[PDB]
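First up is the structure itself, then whatever we jot down about it.
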Amino acid sequence: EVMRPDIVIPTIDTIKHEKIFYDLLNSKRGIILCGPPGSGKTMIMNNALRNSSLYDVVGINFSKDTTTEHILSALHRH
Amino acid sequence: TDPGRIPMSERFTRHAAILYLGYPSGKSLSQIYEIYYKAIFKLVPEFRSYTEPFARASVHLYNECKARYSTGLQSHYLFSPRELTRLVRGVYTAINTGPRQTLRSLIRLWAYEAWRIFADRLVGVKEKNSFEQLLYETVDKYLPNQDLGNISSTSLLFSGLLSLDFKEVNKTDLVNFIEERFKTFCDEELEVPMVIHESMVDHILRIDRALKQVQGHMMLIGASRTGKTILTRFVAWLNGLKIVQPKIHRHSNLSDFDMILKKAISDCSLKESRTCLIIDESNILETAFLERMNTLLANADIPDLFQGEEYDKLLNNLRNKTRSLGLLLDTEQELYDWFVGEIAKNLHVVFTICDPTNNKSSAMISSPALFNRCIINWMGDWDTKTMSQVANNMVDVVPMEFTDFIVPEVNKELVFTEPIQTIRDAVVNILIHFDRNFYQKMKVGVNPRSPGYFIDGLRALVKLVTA
Amino acid sequence: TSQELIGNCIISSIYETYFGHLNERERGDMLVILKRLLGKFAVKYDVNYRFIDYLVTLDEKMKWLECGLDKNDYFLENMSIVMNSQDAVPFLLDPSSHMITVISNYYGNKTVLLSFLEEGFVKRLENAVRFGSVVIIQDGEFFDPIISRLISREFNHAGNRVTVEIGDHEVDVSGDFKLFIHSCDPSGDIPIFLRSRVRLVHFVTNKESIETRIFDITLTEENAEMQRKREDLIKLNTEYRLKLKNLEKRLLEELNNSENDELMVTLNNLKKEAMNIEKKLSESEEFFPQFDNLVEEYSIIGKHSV
Amino acid sequence: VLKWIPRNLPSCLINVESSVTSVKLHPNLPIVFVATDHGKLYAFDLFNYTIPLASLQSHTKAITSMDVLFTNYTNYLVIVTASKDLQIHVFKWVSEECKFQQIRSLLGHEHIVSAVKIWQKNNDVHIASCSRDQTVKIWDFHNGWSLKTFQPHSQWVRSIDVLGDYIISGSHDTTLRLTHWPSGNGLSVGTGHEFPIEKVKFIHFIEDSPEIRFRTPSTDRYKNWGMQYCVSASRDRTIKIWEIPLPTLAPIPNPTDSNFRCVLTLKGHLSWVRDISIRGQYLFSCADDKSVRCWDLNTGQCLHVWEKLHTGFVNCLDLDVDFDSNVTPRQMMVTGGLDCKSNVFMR
Amino acid sequence: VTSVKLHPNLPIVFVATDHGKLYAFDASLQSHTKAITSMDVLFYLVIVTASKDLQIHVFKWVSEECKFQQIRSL
Ligand SMILES: Nc1ncnc2c1ncn2[C@@H]1O[C@H](COP(=O)(O)OP(=O)(O)O)[C@@H](O)[C@H]1O
Ligand SMILES: Nc1ncnc2c1ncn2[C@@H]1O[C@H](COP(=O)(O)OP(=O)(O)O)[C@@H](O)[C@H]1O
Ligand SMILES: [Mg+2]
């Protein structure tokens with residue numbers, strides 16, 4: 001199972017962070033995750049999204065040559 | 001703070017809350033990698049009790065490597081827990097395809113994986129000496145086991161070529177096998193007079209290790225004429241991969257790059273044949289090619305490559321291939337993510353970088369979609385033992401000992417070759433000393449030194465002394 | 001002359017590769033430290049070593065002299081570096097673009113001029129390498145990666161014929177073919193892939209070449225008879241050595257079996273040639289210190305001029 | 001008497017100055033012919049292995065494959081040595097003089113040739129060879145010229161086998177394909193290996209045996225066609241036995257049955273398998289792990305392993321022909337070696 | 001011929017002439033300028049040649065390349 005990148009290991013920090021992301025996402029407020037590149041922001045955010053039954057996942061990865069067309073097309077998918 | 005990240009205005013962060021996700025502490029990393037090593041050691045239950053020392057050793061070694069080698073020394077010393085995760089995955093894929101394991105063999109396997117995931121990016125020789133001292137300290141602190149041999153990179157040669165399983169192999173047997181297989185490779189492919197030495201054996205082993213993993217990509221950093229792409233072609237011929245070579249001249253644009261990428265992707269998916277993509281430094285003219293590599297590597301494919309009629313014919317070809325293999329896939333999402341799984345499983349990209357101090361090379365190695373998802377291999381310059389071995393192997397053909405040569409009593413550090421007995425060792429030492437003095441006196445600084453001058457001088461020397 | 005072969009031959013192999021792209025002062029200093037390194041490791045070498053007198057014989061020296069090359073020693077050494085690179089393709093860096101005519105005179109009508117800025121470059125290049133004509137390329141600062149297999153010489157020996165792939169298909173090559181690259185701008189950036197695989201030779205003119213050229217002009221003008229005498233003695237010494245070698249071969253072929261007047265005449269001619277050689281050596285022994293006095297005399301003008 | 005297994009130790013060692021490439025057997029006298037990488041063709045005698053009978057240098061380049069056959073007219077011996085000098089050579093053995101007698105050299109290949117075969121069907125001897133020219137070539141031994149040249153594959157074929165009027169050809173593009181001999185039409189194509197095919201040969205008929213699972217025909221179509229089962233050896237460390245399908249009997253390919261079928265796969269070699277030679281119930285094969293293995297057809301497991309037979313790569317094996325009544329299958333088998341040695345097992 | 005030698009493994013014979021030239025007939029290299037005295041061969045193959053020129057040169061024979069390459073001289 002360690003080959004699959006979606007596997008998470010629950011500790012106190014990631015469960016406290018999952019609680020805060022649920023609290024802010026239920027508060028209709030934008031959330032900005034800003035940390036060093038090894039902190040696993042994408043992994044913990046997908047962990048909070050996929051295990052839940054109240055939120056969904058869209059795959060958007062920004063780049064230098066990215067406009068609102070990609071965002072709008074990803075919006076039409078769901 | 002790092003370059004490539006444009007600071008956004010406060011008007012966008014006005015309406016959004018902000019968080020800082022710091023690095024996990026020692027206890028959290030320790031517990032997470034206890035869980036990882038318990039999962040890995042479930043394969044071999046005889047060493048189940050060693051889960052705590054291995055996780056403690058990995059966490060402490062990562063912390064020491066982060067504290068010692070910083071960003072100030074080199075721009076690519078950005079360590080992360082992702083390297084620890086890659087270490088765990090490498091240990092798993094070595095144990096799973098390995099023989100009956102032993103405690104000494106397990107420690108050697110972990111040491112080899114740490115060598116190939118943690119200190120294959122180091123530059124200075126004293127940095128590698130500090131790393132092997134760190135390995136000695138970590139092993140003697142957390143795994144107090146005797147009867148353990150050398151942990152240096154020459155004595156840790158784990159290969160899958162010589163057997164059916166990932167196991168340690170003898171040095172001379174591996175050297176003979178590489179010699180004969182490279183002779184067969186030169187017979188069956190392009191011919192190049194490459195000499196065999198232990199540093200290239202270690203490099204060819206680590207690039208074979210990197211090119212056998214699922215979604216395995218790496219970037220090779222080293223001076224020119226070090227022999228990078230020939231080693232890449234040698235491994236990709238050993239593993240049955242197909243070489244695709246981007247033939248890009250000066251009168252080239254993004255259309256040729258896109259059509260080569262499209263042909264490679266179509267041959268990877270529809271024809272189900274694995275391919276190796278050697279992206280050279282000179283093959284990236286503008287930043288659009290770097291953006292295309294970012295899209296191809298951070299994700300699994302390029303969504304911008306197939307649009308409209310191209311997208312429709314791609315989906316038609318994917319449906320035809322799925323119906324040919326008799327797989328019940330109907331929705332477009334299943335076909336698309338099966339296709340990107342096929343691309344991520346059957347496409348390996350490698351990079352050859354000549355001068356890392358260039359602005360284009362700095363932008364390449366500072367890219368966020370390249371540094372994290374590729375194994376940084378630093379070939380660097382040639383150390384003195386490699387030069388001595390190459391010169392000894394190249395001057396032995398010609399008769400050279402025909403003069404009354406007396407042994408000169410010189411200093412210990414002034415002799416790089418094993419101590420002088422014949423005129424050949426003196427000639428090799430003279431050549432290496434002149435090369436070092438010449439590269440010192442031209443003020444090369446920290447730029448890599450291309451060893452092609454040494455090989456050209458050796459060839460001219462043997463031809464001229466023959467005449 | 002045999003106990004120091006490995007010391008003199010290792011200098012010239014060093015001299016070909018490392019010293020292609022240096023000025024006179026740095027080249028002299030590196031030769032000094034090379035002599036120091038050779039003397040340190042107990043490898044003997046000729047104390048009166050001269051690279052032109054080591055590799056460049058008189059015939060090739062004249063043949064280079066009336067093809068357009070100047071009489072400077074630095075240009076002669078660089079030309080010897082260029083025309084003794086059998087394995088590595090040479091690179092020419094001359095701001096004046098003077099020596100295109102030199103290689104055209106040396107290779108005759110076989111010289112075909114090509115440029116990286118052309119549009120039919122690939123077709124005429126593949127036709128020329130199928131023929132085997134010598135090819136000279138201009139605009140070396142605009143290197144095009146389509147000749148990456150020609151620069152690295154990664155030919156595959158497919159059967160009895162040697163094979164290369166250029167561009168997008170298969171072309172055949174011949175043993176007559178030789179490639180040359182010429183560049184105009186000295187400050188033009190060169191790719192590292194091209195730079196590390198060619199013999200980069202600098203045909204430029206620096207302040208040390210100002211000193212050398214002013215020395216050459218003041219010796220060929222102030223005391224021209226001395227330079228004429230030096231050239232005459234060198235030419236007669238070479239001619240007498242060749243004649244003595246030919247006479248020795250003829251004498252050995254005549255007297256290999258078993259006396260007559262033919263052997264006695266050959267012995268008398270050999271005695272006369274040996275006496276002439278001894279007289280020439282005695283004359284030339286006491287002439288170099290005059291040149292030493294001249295070079296100790298005409299250095300203040302060089303310092304003033306620089 | 002067909003279930004002989006060679007002993008563990010070599011009977012005697014044959015010393016060669018360079019790398020041994022192809023080894024053959026004389027079907028009447030105990031004489032072995034040993035190739036070299038230097039191109040020299042030897043002829044050792046098993047009783048006295050001190051000096052060769054006739055050391056003839058025929059080519060400036062290496063030689064790759066051989067074939068030997070004692071003809072039966074309605075007689076003498078023919079040795080062919082395919083080489084790397086763009087041509088092949090044909091030799092005749094003289095028993096009275098004990099020296100090689102050259103006959104002719106067949107030309108036509110535009111690259112180096114890697115396979116050669118010689119046989120007879122009805123009072124006419126034919127020679128086949130296959131090269132890096134991607135084309136299968138045929139010759140007439142008495143006439144001297146070719147009959148049919150054709151390319152079956154995009155990449156270059158490596159090894160072949162033949163009986164009657166059917167030719168299969170392993171290729172560098174990891175695909176097998178039967179090529180019909182008169183018509184030149186590909187009856188069936190095969191896939192399933194992951195590496196180029198080193199050696200490949202047919203499995204033929206036998207008269208009487210207790211029980212067979214890999215040589216006996218199943219139906220009357222197999223019985224009168226006579227071509228049922230083939231075994232292929234390829235660089236993916238595996239040996240497989242392949243079912244060949246029926247044609248639309250010039251025979252036509254079957255549109256729904258023009259694909260091969262792998263029946264039994266064998267694995268355990270530590271490097272590339274190089275050559276195979278079936279002998280009754282036992283599939284003798286080599287590898288590049290300094291070893292020669294013995295595989296059974298029925299149980300599909302290696303009964304005997306010969307570990308560290310040489311200090312280097314093992315190149316080629318060859319046996320005596322057993323599916324014909326002209327030549328008895330004597331209990332002799334000899335191997336080659338990259339480390340300049342050749343070993344023969346007897347009794 | 002001043003000395004005769006034979007290959008102990010393959011059918012090769014080494015012949016040394018009185019003028020110093022050595023021929024390998026189943027190659028022609030002049031190991032010593034003067035007349036050679038005697039030779040010895042031991043199995044890599046090393047051939048030691050001694051002559052009257054106060055210089056003993058040792059040469060090795062490459063079986064695959066059919067050429068002799070000198071290793072060292074006393
Ligand atoms: N709490 C945790 N549980 C499991 N794995 C973790 C945890 N924290 C970090 N990791 C590891 O750290 C790595 C961070 O990778 P990634 O999510 O790509 O970083 P980022 O999100 O910054 O791009 C992952 O491979 C993950 O396995
Ligand atoms: N001992 C050696 N080590 C490294 N390179 C060598 C050696 N001998 C020759 N070479 C040269 O190196 C070239 C291959 O290096 P390559 O990987 O192409 O360098 P780069 O990666 O800078 O393009 C060959 O063309 C060959 O001429
Ligand atoms: Mg991140």
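In the structure tokens, chains take the letters A, B, ... in the order shown, each chain's residues start at 1, and ligands count up from 1 in the order shown.
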For this session: Could you list the residues in chain D lying within 12 Å of chain B, using only C-alpha atoms, and format the result as an MDAnalysis selection string?
Result: chainID D and resid 19 62 84 112 132 156 172:174 193:196 235:238 267:272 287:290 311:313 338:339
Restricted to N, CA, C and O atoms, what would the selected residues look like written as a compact mmCIF listing (two decimals), in the first residue's frame?
# COMPACT_ATOMS: atom_id res chain seq x y z
N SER D 19 37.35 -16.42 -28.13
CA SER D 19 35.98 -16.72 -27.72
C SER D 19 35.34 -17.74 -28.66
O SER D 19 35.34 -17.57 -29.88
N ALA D 62 34.58 -12.09 -37.33
CA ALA D 62 34.08 -13.19 -36.53
C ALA D 62 33.08 -14.03 -37.33
O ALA D 62 32.48 -13.57 -38.30
N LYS D 84 30.89 -12.59 -40.12
CA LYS D 84 30.61 -11.17 -40.04
C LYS D 84 31.26 -10.37 -41.17
O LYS D 84 31.27 -9.14 -41.12
N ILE D 112 25.75 -8.27 -41.81
CA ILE D 112 26.35 -9.47 -41.26
C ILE D 112 25.27 -10.54 -41.03
O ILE D 112 24.14 -10.23 -40.65
N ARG D 132 21.35 -9.29 -40.74
CA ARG D 132 20.85 -8.00 -40.28
C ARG D 132 20.19 -7.20 -41.40
O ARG D 132 19.88 -6.02 -41.20
N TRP D 156 15.48 -6.98 -37.67
CA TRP D 156 16.33 -7.97 -38.32
C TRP D 156 16.23 -9.33 -37.64
O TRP D 156 16.32 -9.43 -36.41
N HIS D 172 14.68 -9.56 -34.05
CA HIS D 172 15.06 -8.55 -33.08
C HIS D 172 13.87 -7.72 -32.60
O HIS D 172 14.00 -7.00 -31.61
N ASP D 173 12.73 -7.80 -33.28
CA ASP D 173 11.51 -7.11 -32.88
C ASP D 173 10.59 -8.01 -32.07
O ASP D 173 9.37 -7.91 -32.19
N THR D 174 11.18 -8.91 -31.27
CA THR D 174 10.55 -9.80 -30.28
C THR D 174 9.31 -10.54 -30.80
O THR D 174 8.46 -10.96 -30.01
N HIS D 193 7.08 -12.52 -26.11
CA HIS D 193 8.37 -12.24 -25.50
C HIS D 193 8.52 -10.73 -25.30
O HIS D 193 7.78 -9.93 -25.86
N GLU D 194 9.50 -10.36 -24.47
CA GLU D 194 9.76 -8.95 -24.17
C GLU D 194 11.16 -8.52 -24.59
O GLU D 194 11.63 -7.46 -24.16
N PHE D 195 11.82 -9.30 -25.43
CA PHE D 195 13.21 -9.07 -25.79
C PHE D 195 13.49 -9.81 -27.09
O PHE D 195 12.71 -10.69 -27.48
N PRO D 196 14.57 -9.46 -27.81
CA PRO D 196 14.88 -10.15 -29.07
C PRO D 196 15.12 -11.64 -28.90
O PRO D 196 15.60 -12.10 -27.86
N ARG D 235 15.98 -13.06 -25.05
CA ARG D 235 16.81 -12.37 -24.07
C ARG D 235 16.07 -11.94 -22.81
O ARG D 235 16.68 -11.28 -21.97
N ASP D 236 14.79 -12.29 -22.64
CA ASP D 236 14.06 -11.94 -21.43
C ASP D 236 14.15 -13.01 -20.35
O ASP D 236 13.24 -13.14 -19.53
N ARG D 237 15.24 -13.80 -20.36
CA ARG D 237 15.55 -14.83 -19.36
C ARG D 237 14.50 -15.93 -19.30
O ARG D 237 14.39 -16.63 -18.29
N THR D 238 13.72 -16.12 -20.36
CA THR D 238 12.64 -17.10 -20.38
C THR D 238 12.75 -17.98 -21.62
O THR D 238 13.24 -17.55 -22.66
N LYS D 267 11.37 -20.56 -16.69
CA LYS D 267 12.16 -19.45 -16.19
C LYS D 267 13.01 -19.92 -15.02
O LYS D 267 12.71 -20.93 -14.37
N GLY D 268 14.07 -19.17 -14.75
CA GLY D 268 15.01 -19.52 -13.71
C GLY D 268 16.43 -19.17 -14.08
O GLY D 268 17.33 -19.18 -13.23
N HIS D 269 16.65 -18.85 -15.35
CA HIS D 269 17.97 -18.42 -15.81
C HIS D 269 18.29 -17.03 -15.25
O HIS D 269 17.41 -16.18 -15.09
N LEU D 270 19.57 -16.82 -14.95
CA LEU D 270 20.02 -15.56 -14.36
C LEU D 270 20.47 -14.54 -15.40
O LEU D 270 20.89 -13.45 -15.03
N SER D 271 20.39 -14.88 -16.69
CA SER D 271 20.78 -13.98 -17.76
C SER D 271 20.06 -14.41 -19.03
O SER D 271 19.09 -15.18 -18.97
N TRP D 272 20.52 -13.92 -20.18
CA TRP D 272 19.87 -14.24 -21.44
C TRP D 272 20.13 -15.69 -21.82
O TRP D 272 21.27 -16.15 -21.80
N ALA D 287 22.76 -20.32 -20.99
CA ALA D 287 22.47 -18.94 -20.61
C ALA D 287 23.79 -18.19 -20.55
O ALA D 287 24.84 -18.71 -20.91
N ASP D 288 23.71 -16.94 -20.08
CA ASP D 288 24.89 -16.12 -19.87
C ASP D 288 25.21 -15.95 -18.39
O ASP D 288 25.73 -14.91 -17.98
N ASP D 289 24.89 -16.95 -17.58
CA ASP D 289 25.23 -16.96 -16.16
C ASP D 289 26.25 -18.04 -15.83
O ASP D 289 26.23 -18.60 -14.73
N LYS D 290 27.12 -18.35 -16.80
CA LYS D 290 28.14 -19.40 -16.70
C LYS D 290 27.53 -20.77 -16.40
O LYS D 290 28.15 -21.60 -15.74
N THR D 311 33.94 -19.89 -16.66
CA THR D 311 34.12 -18.65 -15.92
C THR D 311 33.51 -17.46 -16.64
O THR D 311 33.51 -16.35 -16.09
N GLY D 312 32.98 -17.66 -17.85
CA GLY D 312 32.35 -16.59 -18.60
C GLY D 312 31.03 -17.03 -19.22
O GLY D 312 30.43 -18.01 -18.78
N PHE D 313 30.59 -16.32 -20.26
CA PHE D 313 29.31 -16.61 -20.87
C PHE D 313 29.36 -17.93 -21.64
O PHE D 313 30.38 -18.29 -22.23
N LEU D 338 32.64 -18.26 -23.57
CA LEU D 338 33.25 -16.97 -23.83
C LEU D 338 34.67 -16.89 -23.28
O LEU D 338 35.47 -16.09 -23.77
N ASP D 339 35.01 -17.74 -22.30
CA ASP D 339 36.31 -17.69 -21.65
C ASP D 339 37.32 -18.61 -22.31
O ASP D 339 38.16 -19.19 -21.61
Kindly assemble as JSON lines a list of the chain A residues that lie within 8 Å of ligand 1, each paired with its nearest atom pair and their distance in Å to one decimal, using only C-alpha atoms and all ligand atoms, sorted first by chain and then by ascending residue number.
{"residue": "A:5", "atom": "CA", "partner": "ligand 1", "partner_atom_place_in_ligand_line": "27 (O)", "distance": 6.6}
{"residue": "A:7", "atom": "CA", "partner": "ligand 1", "partner_atom_place_in_ligand_line": "4 (C)", "distance": 6.6}
{"residue": "A:8", "atom": "CA", "partner": "ligand 1", "partner_atom_place_in_ligand_line": "4 (C)", "distance": 4.0}
{"residue": "A:9", "atom": "CA", "partner": "ligand 1", "partner_atom_place_in_ligand_line": "3 (N)", "distance": 3.7}
{"residue": "A:10", "atom": "CA", "partner": "ligand 1", "partner_atom_place_in_ligand_line": "1 (N)", "distance": 5.8}
{"residue": "A:11", "atom": "CA", "partner": "ligand 1", "partner_atom_place_in_ligand_line": "1 (N)", "distance": 6.1}
{"residue": "A:13", "atom": "CA", "partner": "ligand 1", "partner_atom_place_in_ligand_line": "1 (N)", "distance": 7.3}
{"residue": "A:14", "atom": "CA", "partner": "ligand 1", "partner_atom_place_in_ligand_line": "1 (N)", "distance": 5.6}
{"residue": "A:35", "atom": "CA", "partner": "ligand 1", "partner_atom_place_in_ligand_line": "22 (O)", "distance": 7.3}
{"residue": "A:36", "atom": "CA", "partner": "ligand 1", "partner_atom_place_in_ligand_line": "22 (O)", "distance": 6.6}
{"residue": "A:37", "atom": "CA", "partner": "ligand 1", "partner_atom_place_in_ligand_line": "22 (O)", "distance": 4.1}
{"residue": "A:38", "atom": "CA", "partner": "ligand 1", "partner_atom_place_in_ligand_line": "22 (O)", "distance": 4.6}
{"residue": "A:39", "atom": "CA", "partner": "ligand 1", "partner_atom_place_in_ligand_line": "22 (O)", "distance": 4.9}
{"residue": "A:40", "atom": "CA", "partner": "ligand 1", "partner_atom_place_in_ligand_line": "21 (O)", "distance": 3.3}
{"residue": "A:41", "atom": "CA", "partner": "ligand 1", "partner_atom_place_in_ligand_line": "21 (O)", "distance": 3.7}
{"residue": "A:42", "atom": "CA", "partner": "ligand 1", "partner_atom_place_in_ligand_line": "21 (O)", "distance": 3.6}
{"residue": "A:43", "atom": "CA", "partner": "ligand 1", "partner_atom_place_in_ligand_line": "17 (O)", "distance": 4.0}
{"residue": "A:44", "atom": "CA", "partner": "ligand 1", "partner_atom_place_in_ligand_line": "17 (O)", "distance": 7.0}
Restricted to N, CA and C atoms, what would the selected residues look like written as a compact mmCIF listing (two decimals), in the first residue's frame?
# COMPACT_ATOMS: atom_id res chain seq x y z
N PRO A 5 0.11 7.08 -3.43
CA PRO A 5 0.46 8.34 -2.74
C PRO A 5 -0.65 8.93 -1.90
N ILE A 7 -2.06 7.52 0.69
CA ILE A 7 -2.06 6.97 2.04
C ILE A 7 -1.51 8.00 3.02
N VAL A 8 -2.26 8.25 4.09
CA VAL A 8 -1.87 9.21 5.12
C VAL A 8 -1.68 8.47 6.43
N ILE A 9 -0.89 9.07 7.31
CA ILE A 9 -0.67 8.53 8.65
C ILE A 9 -1.21 9.53 9.67
N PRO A 10 -2.31 9.22 10.36
CA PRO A 10 -2.91 10.19 11.28
C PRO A 10 -2.06 10.38 12.54
N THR A 11 -1.68 11.63 12.79
CA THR A 11 -1.06 12.06 14.03
C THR A 11 -1.87 13.22 14.59
N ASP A 13 -1.08 16.43 14.57
CA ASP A 13 -0.99 17.64 13.75
C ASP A 13 -1.95 17.59 12.57
N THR A 14 -2.00 16.46 11.86
CA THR A 14 -2.88 16.39 10.70
C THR A 14 -4.34 16.32 11.10
N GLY A 35 3.27 26.94 3.19
CA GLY A 35 4.33 26.31 3.94
C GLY A 35 5.47 25.88 3.05
N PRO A 36 6.52 25.32 3.65
CA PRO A 36 7.67 24.84 2.87
C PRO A 36 7.28 23.69 1.96
N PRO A 37 8.03 23.45 0.88
CA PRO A 37 7.57 22.50 -0.15
C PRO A 37 7.51 21.04 0.29
N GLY A 38 8.03 20.69 1.45
CA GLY A 38 7.93 19.34 1.95
C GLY A 38 6.87 19.10 2.99
N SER A 39 6.07 20.11 3.32
CA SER A 39 5.10 19.98 4.41
C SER A 39 3.87 19.17 4.03
N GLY A 40 3.70 18.83 2.76
CA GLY A 40 2.57 18.03 2.34
C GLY A 40 1.23 18.73 2.42
N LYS A 41 1.16 19.97 1.93
CA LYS A 41 -0.10 20.70 1.91
C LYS A 41 -1.12 20.03 1.00
N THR A 42 -0.68 19.60 -0.19
CA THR A 42 -1.59 18.94 -1.13
C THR A 42 -2.08 17.61 -0.57
N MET A 43 -1.19 16.85 0.07
CA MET A 43 -1.57 15.55 0.63
C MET A 43 -2.59 15.71 1.74
N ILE A 44 -2.37 16.65 2.66
CA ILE A 44 -3.30 16.82 3.77
C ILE A 44 -4.61 17.43 3.29
For this session: Please check which protein, DNA or RNA residues sit within 7 Å of ligand 2, counting only C-alpha atoms and all ligand atoms, and write them as a list in words.
Result: residues 192, 193, 194, 195, 223, 224, 225, 226, 227, 228, 229, 230, 231, 352, 354, 390, 452 and 455 of chain B; 152, 153, 154 and 193 of chain C
Only C-alpha atoms, please: the residues just picked out, written as a CSV table (one decimal), in the first residue's frame.
chain,number,residue,atom,x,y,z
B,192,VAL,CA,32.1,4.6,-28.8
B,193,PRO,CA,35.5,3.7,-27.2
B,194,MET,CA,34.3,4.0,-23.5
B,195,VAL,CA,36.6,2.7,-20.8
B,223,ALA,CA,30.5,18.3,-16.6
B,224,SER,CA,30.6,17.9,-20.4
B,225,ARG,CA,32.1,14.7,-21.9
B,226,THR,CA,31.6,12.8,-18.6
B,227,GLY,CA,29.6,10.2,-20.4
B,228,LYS,CA,26.0,10.8,-19.4
B,229,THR,CA,23.7,10.1,-22.4
B,230,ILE,CA,25.8,7.1,-23.4
B,231,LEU,CA,25.1,5.6,-19.9
B,352,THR,CA,21.3,15.8,-19.3
B,354,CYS,CA,26.1,20.2,-18.9
B,390,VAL,CA,41.3,5.7,-16.9
B,452,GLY,CA,37.6,15.7,-22.3
B,455,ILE,CA,41.1,11.9,-22.7
C,152,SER,CA,31.2,13.7,-31.6
C,153,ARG,CA,32.1,11.2,-34.4
C,154,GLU,CA,29.7,8.5,-33.2
C,193,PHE,CA,28.7,20.7,-26.2
Would you write out, as a Markdown table, a table of all residues in chain B that have an atom no more than 8 Å from an atom of chain C, listing for each the closest atom pair and the distance in Å to one decimal, considering only C-alpha atoms and ordering rows by chain and rising residue number?
| residue | atom | partner | partner_atom | distance |
| --- | --- | --- | --- | --- |
| B:189 | CA | C:156 | CA | 6.8 |
| B:190 | CA | C:156 | CA | 4.6 |
| B:191 | CA | C:156 | CA | 5.1 |
| B:192 | CA | C:154 | CA | 6.4 |
| B:224 | CA | C:196 | CA | 6.5 |
| B:225 | CA | C:196 | CA | 7.0 |
| B:247 | CA | C:146 | CA | 7.3 |
| B:248 | CA | C:145 | CA | 6.8 |
| B:249 | CA | C:145 | CA | 5.0 |
| B:250 | CA | C:144 | CA | 5.6 |
| B:354 | CA | C:192 | CA | 7.2 |
| B:355 | CA | C:192 | CA | 7.6 |
| B:400 | CA | C:6 | CA | 7.4 |
| B:402 | CA | C:3 | CA | 7.9 |
| B:403 | CA | C:3 | CA | 5.4 |
| B:404 | CA | C:3 | CA | 7.3 |
| B:405 | CA | C:42 | CA | 7.5 |
| B:406 | CA | C:42 | CA | 7.1 |
| B:407 | CA | C:42 | CA | 7.4 |
| B:408 | CA | C:42 | CA | 6.0 |
| B:410 | CA | C:41 | CA | 7.8 |
| B:426 | CA | C:41 | CA | 6.3 |
| B:430 | CA | C:37 | CA | 6.4 |
| B:433 | CA | C:37 | CA | 7.6 |
| B:434 | CA | C:34 | CA | 6.6 |
| B:438 | CA | C:30 | CA | 7.5 |
| B:450 | CA | C:196 | CA | 6.9 |
| B:452 | CA | C:196 | CA | 6.5 |
| B:453 | CA | C:17 | CA | 6.5 |
| B:456 | CA | C:17 | CA | 6.8 |
| B:457 | CA | C:13 | CA | 5.7 |
| B:458 | CA | C:13 | CA | 7.8 |
| B:460 | CA | C:13 | CA | 5.4 |
| B:461 | CA | C:13 | CA | 5.1 |
| B:464 | CA | C:9 | CA | 6.8 |
| B:465 | CA | C:9 | CA | 6.2 |
Problem set entry | Selection: 12 Å around residue B:136, only C-alpha atoms, excl. self and same-chain fewer than 4 positions, as a count of residues only | 21
Under the rule of at most 6 Å, produce a per-residue listing of chain D near chain E: chain, number, name, the closest pair of atoms, and the distance in Å, as JSON lines, using only C-alpha atoms.
{"residue": "D:15", "atom": "CA", "partner": "E:9", "partner_atom": "CA", "distance": 6.0}
{"residue": "D:16", "atom": "CA", "partner": "E:10", "partner_atom": "CA", "distance": 5.9}
{"residue": "D:17", "atom": "CA", "partner": "E:63", "partner_atom": "CA", "distance": 5.7}
{"residue": "D:18", "atom": "CA", "partner": "E:64", "partner_atom": "CA", "distance": 5.4}
{"residue": "D:38", "atom": "CA", "partner": "E:64", "partner_atom": "CA", "distance": 5.8}
Problem set entry | Contact set, chain C to chain D: 10 Å, only C-alpha atoms, as a PyMOL selection string | chain C and resi 158-161
Problem set entry | Every residue of stretch 109-341 of chain D that DSSP places in strand (DSSP E), as number ranges by chain | D: 113-120, 125-131, 136-140, 146-150, 157-163, 166-171, 176-180, 186-190, 197-203, 229-234, 238-243, 261-267, 276-279, 282-286, 292-296, 302-306, 317-318, 332-335, 341
